[PDB]
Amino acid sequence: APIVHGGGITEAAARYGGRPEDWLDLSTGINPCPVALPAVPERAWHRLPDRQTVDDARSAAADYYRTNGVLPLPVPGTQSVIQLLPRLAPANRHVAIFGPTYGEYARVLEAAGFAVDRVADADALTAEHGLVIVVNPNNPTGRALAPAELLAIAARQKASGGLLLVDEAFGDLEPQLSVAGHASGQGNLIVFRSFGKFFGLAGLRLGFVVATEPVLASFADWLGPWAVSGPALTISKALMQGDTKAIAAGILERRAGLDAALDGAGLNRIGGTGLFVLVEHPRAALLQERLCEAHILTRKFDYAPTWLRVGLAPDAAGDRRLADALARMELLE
């Protein structure tokens, strides 16, 4: 069975009742206040995506991610290039994953016959690891390695022909943590960027890969022609060239609202990012179920029974709705 990711409002409503639009979905890390849609000309809807449409999105992404001249490859969601890591990871070597983290990396790689080593820090890394994977900042804990630590990991693995993959899906709010500007100088470094979370348009399937040209050419060939939609490439070019400072500011305001609601309910926050909070509670799974009975979806983890990941609400009313559900919740037994 596939991983039960956040966002499962359809399945939650079927089990707990209510209309999907009446649920408060706090089970993802998506910006709850989507940016206004830019114009998408009819040409972008009608035609197979043109090289010019691709190139403009790549140029905007290079400026936006500060890639020091590397033109990022647009991909139809970073999930699509996660599915392709078996073709890149050095054959007959282990993969080390800084965890616990987003589950698709281990799922995809183990399904392809790779041996996956769960690690918590760099001192566990060896020459047996053909690929090292860091989600930075981490999903779901928010742990952030400094760029210098990431580059030291890369340099150490490079000696044995190992690669370092840094998934910066949740890194837009802290661009000073990014190593997306180091692809050419490091040589063995790959960076995934995700478009949906920060901009709040996760209905679009769009990410970007920053890497050396031989690696980008490989991903491009594996994905095949017309991999990313015309509308997605049009929208990302416009939004990345707009005022992203105001996007970050709005997110931090909603994060302050979530902090106040969770702290005021007596919950213990142990980590997170601008876009979600990790709560630790001895009955986290029962909290998740009781919140579902209030038609509020949050994210629980089968590997961490005391963990609850709570995303941002869209406004102060939603903050208050969360707080009231916690305050009026029935016995946790």
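Numbers for residues come from their place in the sequence shown, where the first is 1.
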Quiz prompt | Of 141 to 149 and 238 to 246, the stretch whose C-alpha atoms average the higher B-factor in the entry | solution = 238 to 246
Practice problem: With reference to the PDB entry, specify whether the mean Cα temperature factor is higher for 86 to 94 or for 166 to 174. | Solution: 86 to 94
Exercise. In terms of CA temperature factor as recorded, identify the highest of 194, 126, 229, 79.
Key: 126
Quiz item: When the CA B-factors of 267, 278, 275, 36 are compared as recorded in the entry, which is the largest?
Solution: 36
Quiz item: Sorting the chain's CA B-factors, does residue 67 end up in the lowest, middle or highest third?
Solution: middle
Practice problem: For residue 47, return the chain-relative third of its C-alpha B-factor as stated in the PDB record: lowest, middle or highest. | Solution: middle
Quiz item: Where does residue 180 sit by CA temperature factor within its chain: lowest, middle or highest third?
Solution: middle
Practice problem: Would you mind checking where the Cα B-factor of residue 199 ranks among the modelled residues of its chain, as the lowest, middle or highest third? | Solution: middle
Quiz item: What third of its chain, lowest, middle or highest, does the C-alpha temperature factor of residue 299 fall into?
Solution: lowest
